[PDB]
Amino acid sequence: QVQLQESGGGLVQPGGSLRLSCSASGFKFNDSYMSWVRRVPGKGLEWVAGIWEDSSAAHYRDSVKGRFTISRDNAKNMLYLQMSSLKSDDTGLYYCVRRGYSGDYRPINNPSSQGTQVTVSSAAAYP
């Protein structure tokens, strides 16, 4: 069966940067359109970025345009998200899923994986 594992999330200052990582197994990755999605408390799921199976196209939600960069390594079955110039609106649980979105940035597939927590705060340590 399908397996997705995220990493790279953490507590970073506004204006900061992070690199998220996603490992896929259980399906033909080289042929799947892959997406980065986030769960935000009091909001729900929102689609963030997506990339074509061969990387010939990368798509982004307007709020992350010019700040985020989605990439993939079909050889190592890895998916990445370079986040920069981070905002508090970027705080959430980030997951990586197959396929794109429908209508108002709503993912086709709901995440089954653990996800990785991105917290855009100045706090010394986690609360």
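Numbering starts at 1 and runs along the sequence shown.
- On average the C-alpha atoms of 74 to 82 have higher B-factors than those of the other stretch, with 74 to 82 and 36 to 44 being the two compared.
- Higher mean CA temperature factor, per the PDB entry, when comparing 21 to 29 with 101 to 109: 21 to 29.
- Ranked by C-alpha B-factor against the other modelled residues of its chain, residue 69 falls in the middle third.
- Among the modelled residues of its chain, residue 90 has a C-alpha B-factor that falls in the lowest third, as given in the PDB entry.
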